[PDB]
Structures are given as structure tokens and as C-alpha cells.
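One protein chain, two forms: both are listed below as C-alpha cells, the first as structure 1 and the second as structure 2.
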Structure 1
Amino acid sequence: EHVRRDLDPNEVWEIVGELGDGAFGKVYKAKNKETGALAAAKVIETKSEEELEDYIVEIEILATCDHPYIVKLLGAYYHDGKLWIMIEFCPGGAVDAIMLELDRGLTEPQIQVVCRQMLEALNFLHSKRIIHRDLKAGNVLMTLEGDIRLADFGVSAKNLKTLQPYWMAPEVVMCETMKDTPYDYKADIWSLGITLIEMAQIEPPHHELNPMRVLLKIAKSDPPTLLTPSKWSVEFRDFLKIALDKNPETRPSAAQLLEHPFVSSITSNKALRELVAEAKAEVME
């Protein structure tokens, strides 16, 4: 559909180094042999047919998700058993790594730009009926111009690949409705709210617990709130109050949240350009 097999990628791309290692795999730094353009790349060795079929769905998601605030697909290739996925290199890297490099959380004006830009990307995702299912500061990348790029549509590809009655139990009926409209997309909205807390406090709620307890803690605990409400505005506190609704039916869409005072007046990305400048200067220290 979008994977070019007729053209050899080594006749248009050159690997310049390794960006990241671990978990899902190695990420390489690549440059265009013609235009000189930079791309973050994955040269995945097709082990199983299932693993290959999963990455194709990811490429098809990446190819339709042509939006200012979503990572840009600069090409997908398949030659000599190796699958090449070229994505526009995001110089600032991930927001969680910036917080780690600067040893601090994001300021409220910085969170407001992230939030406003994510809400724009999620509204586009809902229009195309794509659920990200993996929002976190680690999947929000930075450009030098102060704009975010929503990354890693892997969990999205898997939950869409696996997707593609009188005696039914109500809990089964319910889980067939959380895997259907108008609930399935509301998950990313809760995740957005957790990502906002994570950017304000560096760590997500319930980080003090081992990951086994977390699932039961999200199920039984009341919606998470900001540790010091005096350190943040009433608008931020009210944004999380409505976005972190445990009931997905009452929880608003990304379109309804764009009307909230916490993001509606944001006309500049200056706060994030200032964040990227501070992180670059911190590297030289």
C-alpha cells in the first residue's frame, strides 16, 4: 500500500549513526543522499509474518496521519529482508528526556502549548477514527521551532490489527463497546490528562508503586490530582478535573477540550521554543 519494494532504500538513504537502543528495537539516524534531509529510522529484520504484518498497519497509520503535530513519514521500504521506516528527525527528542536533561518539570505555559497541540492532533486522529492508545511524555517529540510531534503508533497498529448475541454477559457487552465508538477514542483523553500531570511533576501518578499494583490502583483509586494545587492555576486544576473523568461517556472529546480556558487563548509556541533552547544549552554544561 505504502511500502516501496521496487526501489532500494540504500540508493536514497545513508545511515549516520544510532539514536536510541532497547525495548521495541534500535532507532538509527539517517540522511537523504539527494536532498540531505534528516530522518530517524528503523531497519527492522522481518522475523515472523505476524511481526511484519503489524509494522505494515503502523506504516498505513503513519501514511494517513499527515498532520502538523504528528511525526511525518518520509518513506517506507522493503529490500533484502530488511524493512526500512523513515520518519522526519525530531531534533529536540522526547519531552520526558528533556525533563530528565533539565532535571525539572515543564512550566504551566509550556504544558498549555503541549496540551493545545496534542488536543489538535487527537481531534484529527478522532476524525480519521484512529486511537493512539499510548500517550505519554515519551511519545511527544520536539522540533527546534517549539512544536510537538506525536510519535509511536505501535500500540495503535496492534489494537487495530487485532480488531481487523442474546446470551452475551454484560461485562463482555461493555468491552465490545470500549472497542467501539463513542467510547474507544475517549481513552486517549484520560491518557492526555495523565501526560499533563507527568509533565508537571516529571513522573506519572502512582509511580511510587511497582507496575503490578498500578492496574488495580487506576481501577480503585479516585481520579488523580496535582500534588500542590497552589503551584498551578484554577484553569489547569479544572482541565484535569473534567478530562480525568472515570466515566468515558461524560468525559469530553478533544474538540470540546479545545474550548477550555486552559488552551483556548494559546496563540504562541514561544514557551516550547524557550524549552528547546534551554535543553540544548544544558547539553554543553
Structure 2
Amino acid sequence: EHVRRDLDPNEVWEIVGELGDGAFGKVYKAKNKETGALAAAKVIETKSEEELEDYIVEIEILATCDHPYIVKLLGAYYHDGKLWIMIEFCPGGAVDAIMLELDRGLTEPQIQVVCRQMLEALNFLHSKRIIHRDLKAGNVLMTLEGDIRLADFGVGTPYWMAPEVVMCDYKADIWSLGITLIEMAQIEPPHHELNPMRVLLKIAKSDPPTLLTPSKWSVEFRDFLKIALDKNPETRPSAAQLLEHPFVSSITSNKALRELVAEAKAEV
């Protein structure tokens, strides 16, 4: 249903500005002409027909995800050789972008929240037989309320990649969670220093990576990191399992986040 064809998205949406620039395009901000809703948009000019035919399934999936911690899709359109996709506006921005804005990493209370919610959001997906395949700071979004919104942004280096997936199975995401934590914890992920080539290999021969300044953080955090960053996919735990861990089982309030977001709304 949700993918319209032979309607110009400019008839339903105005573009009021840009947000940055990635790799399969720029990020646009957009205002629903008739209903007022703000959106973030993504345009994709396609070479092939299958290329497109494939993204159309991606999207109809996102359509069946009604969760409080996953972005909602607000409309999608093929028109004049291009394909636009309109996601819920999250005015706290992406997490990575905050760290870069504040020039710093997250505190533990703040990581705790983000993790808590990513876990709840993952559990949902895996329970719908769905993999995300692409967890990172950059796909974790923010409301002012201080809730996350998990975002796909497409389905180019991959530090958050799992071991079993190299050089070349829900459990892959969980690994990528673990890295993202470290990412938020240190702005940059492990092996940032390296060449995209050598990362892959580095992730393979390397022991599970740990935190850079270990006595800066709790037992609960690392004990959580350690058990999530299992290189065997089999002995690596599920979403729900991790949700029972103390690091996140205690977490009821997003204040820590929320205040972070508010800070960034002032530095801007």
C-alpha cells in the first residue's frame, strides 16, 4: 500500500531544507503541505528496475512496524525516475551528530537508556522475524522527550559488523549493538584508526574489543559488553535475554537522555 506511484511528492510535501549529506544522497527536511507534519526525507535515483523493486519490499516492512521506539514511515513515492521516503521528524537529531556537536561521548546513565530502548526495539523486530543489519549511533534518533527512534537509512565502511559476517542469524545485530555502545561511549567505534580494508580482517583475528578507559565505567556495563560481544553467534544472547541483565533491567526513565538532548538544543 504505502508506496505511491504517479504522485509527485512535491504535491504532498514541501522541502524546507537539508540536514547533511551521506552516500545514497542528502537528508531533506519536509513539511506535509496539507497536514503540517514535519518529515525527514531521502531521495534515491535508481539505475536498475530490480534495485527499485527491492527497496519497495524494505519499505512495506517498515510499514508493518508500529513500535514507540522505531521511526514511523510517513509516505513513500516513485516518480520521474527517483524514489522519495519520508520518515518521522526526530528533532533531537541522530546520536552520533550530538556527540560531534557537543564534542564528547555519552555518560553511562545516558548510554543505559539508549541501550534499554534499542534492546526493546530489537526484541520486537526479531520477534517479527526481522533483522536490521545496520545498527549505529547514526541510526539512533531523538525526540525532545528523550526517546530513541531506530532508523534504517537504506536496508560505507562497517565497524559495527559481526565476526561471522566476514570476509563474506538474528545474533548479528546484537554484536552491532555492543559496538554502538562503545561508539557512544567513545564517539568513535573500535578500529576507527584503520583503513576500511583492514578493519574487516582486524575484526576477525582480534579478540573482543573492550572499553578504552575501563575504570571509567561500571561492572554492569562491561559485564554486559563482554557477554554481548561474543564472537560465537550461538553462545551470544538474544535481545530479551540481555533485557534481563541489571545494566538495563533497572532502567525506567529517559531523563538522562532527555537532558542531553536539551543541552544540544542550546549549543545549536
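Rigid core (definition): largest C-alpha set, two forms, superposition within 1.5 Å. Throughout, residue numbering runs from 1 along the sequence of structure 1.
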key: 2 Å-or-more CA mover between structures 1 and 2, where superposition uses the core and the choices are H206, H126, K136, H79   = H79
task = Establish whether a shift of 2 Å or more occurs at the C-alpha of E259 between structures 1 and 2, with the two forms superposed on the rigid core.
result = no
query = After the core is matched up, is the C-alpha of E34 off by 2 Å or more between structures 1 and 2?
reply = yes
task = Taking the rigid core as the superposition reference, indicate whether the CA of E249 shifts 2 angstroms or more between structures 1 and 2.
result = no
inquiry  = Keeping the rigid core superposed, can you check how far the CA atom of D8 moves between structures 1 and 2, in angstrom?
reply    = 6.0
request  = Give me the C-alpha shift of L19 between structures 1 and 2, core superposed, in Å.
outcome  = 2.6
task = Quote the shift of the Cα of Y55 between structures 1 and 2 to one decimal place in Å, the two forms being superposed on the rigid core.
result = 2.0
